[PDB]
Amino acid sequence: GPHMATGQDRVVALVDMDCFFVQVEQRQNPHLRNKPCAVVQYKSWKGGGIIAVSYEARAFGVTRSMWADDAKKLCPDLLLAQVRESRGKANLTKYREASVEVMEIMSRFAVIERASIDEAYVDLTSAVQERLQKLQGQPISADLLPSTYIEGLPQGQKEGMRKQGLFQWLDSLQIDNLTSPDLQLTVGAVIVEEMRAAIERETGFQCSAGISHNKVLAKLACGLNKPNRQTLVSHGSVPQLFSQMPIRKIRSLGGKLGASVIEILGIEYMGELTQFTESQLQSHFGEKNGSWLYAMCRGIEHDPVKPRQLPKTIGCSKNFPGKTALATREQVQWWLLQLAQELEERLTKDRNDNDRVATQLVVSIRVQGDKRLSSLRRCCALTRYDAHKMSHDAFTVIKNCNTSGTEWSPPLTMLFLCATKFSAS
DNA sequence: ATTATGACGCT
Ligand SMILES: Nc1nc2c(ncn2[C@H]2C[C@H](O)[C@@H](COP(=O)(O)NP(=O)(O)OP(=O)(O)O)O2)c(=O)[nH]1
Ligand SMILES: [Mg+2]
Ligand SMILES: [Mg+2]
């Protein structure tokens with residue numbers, strides 16, 4: 001009892017820009033605001049693959065990974081913005097820069113771990129302590145939490161329910177106890193309302209957030225009430241929340257490992273994991289997964305919020321599916337040169353903005369009819385930011401995959417250059 | 001013929 005630690009030491013938030021690329025296009029083109037609209041890559045094949053969808057279009061069934069021509073069947077009024085194309089490929093510069101805007105605002109409040117182009121984790125522990133001392137026992141008003149949902153409440157119209165749950169929670173709060181985890185979460189949620197208001201004031205972008213004691217619960221919480229809302233998942237809400245939560249919904253159990261948990265153990269929901277000893281879990285799933293699962297199904301996770309606002313690698317990738325697969329030497333060279341030219345542009349801007357140089361170049365390729373998503377992956381040294389040198393070295397490092405007797409076989413369905421191993425500059 | 005990425009683990 002007294003010695004079972006409960007993983008209530010930290011306050012952690014996950015902030016996700018809602019349908020981010022769509023919002024970027026809607027800020028730039030006001031004729032898209034508050035309409036069903038989606039963002040697409042390419043236009044020739046079935047109107048393009050959709051990678052971002054507004055909530056209005058979602059109301060009609062439009063999803064990511066869907067062809068635009070199919071989305072139009074579900075939503076005939078759908079508006080489409082095209083990703084920029086440079087050197088024959090998609091170019092996401094507009095959104096990486098919009099993302100830097102957002103991250104830079106978030107960093108004013110706390111240390112943030114860039115988790116993706118549009119979402120970060122926040123370690124609010126110190127900020128909550130500072131703010132708690134600032135209040136000096138003063139009670140927390142519902143006015144400070146105008147968009148917060150308390151998961152599990154009310155107990156015993158959507159905004160009406162929300163306010164009821166918030167009132168029940170705030171009435172129960174022990175404000176005089178500067179060490180109660182629930183109070184600390186509440187204060188973190190006040191600070192996240194402030195962060196979200198600053199992001200929207202200074203960018204016009206709206207976002208959702210989850211507030212809890214760890215990254216996995218913050219991420220799960222973030223998803224309970226979207227869009228433009230935030231959800232506080234308290235330690236005490238976990239047993240009910242997890243009692244019907246499909247295992248696949250927890251970050252990192254969405255794939256094969258979550259499938260084998262389901263199949264081997266014979267369960268469906270996260271909470272059912274509590275009925276297995278740690279050793280049993282370790283035995284089925286390895287020592288790391290086992291320890292991690294034994295703690296996670298009790299709402300405990302220790303992965304730290306890593307202080308990292310910049311990506312660790314910088315990458316350029318283009319698929320060549322179907323009959324478009326590259327089949328000659330000239331083709332592989334020209335696309336390696338296109339890939340390297342964009343890579344070089346991104347790298348020079350990275351060196352100048354962020355004072356660092358990449359030292360290693362990873363070349364990945366897929367070949368046609370190869371099952372795997374990397375038919376090959378080989379590294380070479382990255383010594384200068386020269387597109388022609390980088391493309392030439394990538395070719396030198398893959399060329400012994402050609403089996404022709406000027407021709408290229410097996411045909412290539414993917415080229416991919418990645419710059420890694422950054423050293424300060 | 002979702003694509004374009006990017007973190008992270010295993011060996
Ligand atoms: N090129 C590409 N971009 C992608 C892909 N997946 C996502 N993006 C881009 C487009 C997305 O806008 C952005 C962020 O991805 P999310 O946070 O997963 N989705 P969003 O912010 O759209 O909606 P929500 O309110 O549910 O969070 O990343 C992809 O497979 N390929
Ligand atoms: Mg998002
Ligand atoms: Mg995201």
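All chains are named by letter (A, B, ...) in the order of the sequence lines, taking the proteins before the strands, and each is independently numbered beginning at 1. Every heavy atom of this structure was used, including side-chain atoms; hydrogens, water molecules and symmetry mates were not.
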Q.
Once hydrogens and angles are ignored, does a donor-acceptor distance under 3.5 Å link the base of B:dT3 to the side chain of A:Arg64?
A.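 Yes.
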For [X] and [N], is the shortest distance between a side-chain N/O and OP1 or OP2 below 4.0 Å?
{"X": "A:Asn319", "N": "B:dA4", "result": "yes"}
{"X": "A:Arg114", "N": "B:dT5", "result": "no"}
{"X": "A:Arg308", "N": "B:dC8", "result": "yes"}
{"X": "A:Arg96", "N": "B:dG6", "result": "yes"}
{"X": "A:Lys318", "N": "B:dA4", "result": "yes"}

(Q) Does anything in residues 310-317 of chain A come within less than 4.0 Å of DNA chain B? Heavy atoms only, and list the residues if so. (A)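 Going residue by residue through residues 310-317 of chain A, the ones with a heavy atom under 4.0 Å of DNA chain B turn out to be A:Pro311, A:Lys312, A:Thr313, A:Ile314, A:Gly315, A:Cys316, A:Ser317.
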Is it the case that over 12 heavy atoms from other parts of the model lie below 6.0 angstrom from the [atom1] atom of [X]?
{"X": "A:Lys389", "atom1": "NZ", "answer": "no"}
{"X": "A:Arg377", "atom1": "CZ", "answer": "no"}
{"X": "A:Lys399", "atom1": "NZ", "answer": "no"}
{"X": "A:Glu287", "atom1": "CD", "answer": "no"}
{"X": "A:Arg384", "atom1": "CZ", "answer": "no"}

Rounded interatomic separation in angstrom, taking [atom1] from [X] and [atom2] from [N]:
{"X": "A:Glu287", "N": "B:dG9", "atom1": "CD", "atom2": "P", "value": "14 Å"}
{"X": "A:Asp350", "N": "B:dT5", "atom1": "CG", "atom2": "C1'", "value": "15 Å"}
{"X": "A:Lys288", "N": "B:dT11", "atom1": "NZ", "atom2": "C1'", "value": "14 Å"}
{"X": "A:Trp45", "N": "B:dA4", "atom1": "CH2", "atom2": "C1'", "value": "19 Å"}
{"X": "A:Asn91", "N": "B:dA4", "atom1": "CG", "atom2": "P", "value": "12 Å"}
{"X": "A:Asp118", "N": "B:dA4", "atom1": "CG", "atom2": "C1'", "value": "14 Å"}
{"X": "A:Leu347", "N": "B:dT5", "atom1": "CG", "atom2": "P", "value": "13 Å"}
{"X": "A:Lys215", "N": "B:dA7", "atom1": "NZ", "atom2": "P", "value": "12 Å"}

Using atom types as modelled, flag every donor-acceptor pair under 3.5 Å from a side chain in residues 38-49 of chain A to any protein atom, sequence neighbours excluded.
from: A:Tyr42; atom 1: OH; to: A:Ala90; atom 2: N; distance (Å): 3.3
from: A:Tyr42; atom 1: OH; to: A:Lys318; atom 2: NZ; distance (Å): 3.2
from: A:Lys43; atom 1: NZ; to: A:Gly47; atom 2: O; distance (Å): 3.0

Scan [X] against the nucleic acid and name what it touches under 4.0 Å (heavy atoms): base, sugar-phosphate only, or nothing.
{"X": "A:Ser116", "result": "nothing"}
{"X": "A:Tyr42", "result": "sugar-phosphate"}
{"X": "A:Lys89", "result": "sugar-phosphate"}
{"X": "A:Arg251", "result": "nothing"}
{"X": "A:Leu92", "result": "sugar-phosphate"}
{"X": "A:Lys306", "result": "sugar-phosphate"}

Q. Pick the nucleotide of DNA chain B nearest each of A:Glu113 and A:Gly322; which residue has the one closer to the 5' end?
A.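 The residue mapped nearer the 5' terminus is A:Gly322.
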**Q.** Distance flag, aromatic centroids of A:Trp335 and A:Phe416, threshold under 6.0 Å
**A.**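 No, ring centres 6.0 Å or more apart.
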Q) Stepwise, does the side-chain hydrogen bond (donor to acceptor under 3.5 Å, both in side chains) test hold for A:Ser237 with A:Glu151? A) CA-CA 7 Å; A:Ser237 77; A:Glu151 174 62 30; over 6 Å; no
